[PDB]
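Worksheet: one structure, shown below.
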Amino acid sequence: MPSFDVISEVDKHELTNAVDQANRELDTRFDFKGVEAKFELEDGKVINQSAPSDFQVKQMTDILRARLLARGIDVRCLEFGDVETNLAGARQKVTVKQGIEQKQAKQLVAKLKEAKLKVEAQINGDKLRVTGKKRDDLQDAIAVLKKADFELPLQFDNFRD
Numbered sequence: 001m002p003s004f005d006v007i008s009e010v011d012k013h014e015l016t017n018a019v020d021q022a023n024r025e026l027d028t029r030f031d032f033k034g035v036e037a038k039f040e041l042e043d044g045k046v047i048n049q050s051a052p053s054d055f056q057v058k059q060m061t062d063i064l065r066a067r068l069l070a071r072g073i074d075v076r077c078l079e080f081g082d083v084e085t086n087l088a089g090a091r092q093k094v095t096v097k098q099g100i101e102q103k104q105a106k107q108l109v110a111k112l113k114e115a116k117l118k119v120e121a122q123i124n125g126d127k128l129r130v131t132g133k134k135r136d137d138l139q140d141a142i143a144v145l146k147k148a149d150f151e152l153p154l155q156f157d158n159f160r161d
């Protein structure tokens, strides 16, 4: 029975490149002249945005999206926390979501079952392995998973037979 893995992963280097290019891009923008603002990648999972005002962080969000997309990253993996403002300025934590949690995995099994597909899905850590009797059932699952309404970017690899 052939199988593949449904994954939700972000390349750690390209994630670093996008943040570096976003900081470089701020240094060339005229409305951030001498303005204390920065992106900080934390543990390869959290991007901390900080600026004097709520609007300037909103601008940085547009920069961060464009940079991540420019390095091939589906920005739907971004989880934006609340914009926190104190006297020092505005700060916002953006979680770069990776891996398929048990919550989203069971959701992934349920629309597969809902789609009454000839596949058997099993959670294995933060990935979902899909097994079917033939390869075209797997693509039927892959084609369905692509055209779904999901809160996570999905990739597919580790095709075994």
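Okay, so the sequence shown: first residue is 1 according to the authors' numbering, each after it adds one. By construction, the Cβ of each residue, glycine as well, lies at the ideal position given by its N, Cα and C atoms.
Three or more beta-carbon pairs separated by less than 8 Å are not found between the segment 136 to 148 and the segment 14 to 21, which leaves the two stretches without contact. In this structure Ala22 touches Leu64 by the C-beta definition: roughly 5 Å separates them, less than 8 Å. Between the segment 141 to 161 and the segment 2 to 13, the count of C-beta pairs closer than 8 Å reaches three or more; the two stretches touch. DSSP places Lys146 within a helical segment (H, G or I) once states are collapsed to three. Scanning the segment 54 to 115 from its first residue to its last, the whole beta strand (DSSP E) runs of 3-plus residues come out as 78 to 80 and 90 to 96.
Under the DSSP assignment, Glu25 falls outside any beta strand (DSSP E), being part of the alpha helix (DSSP H) whose first and last residues are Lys12 to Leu26. In this structure, the alpha-carbon of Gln56 lies about 15 Å from that of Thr28. CA-CA distance, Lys111 to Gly99, rounds to 18 Å. Nearest to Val109 by alpha-carbon distance, out of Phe150, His13 and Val46, is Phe150. Where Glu120 is concerned, the enclosing beta strand (DSSP E) starts and stops at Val119 to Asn124.
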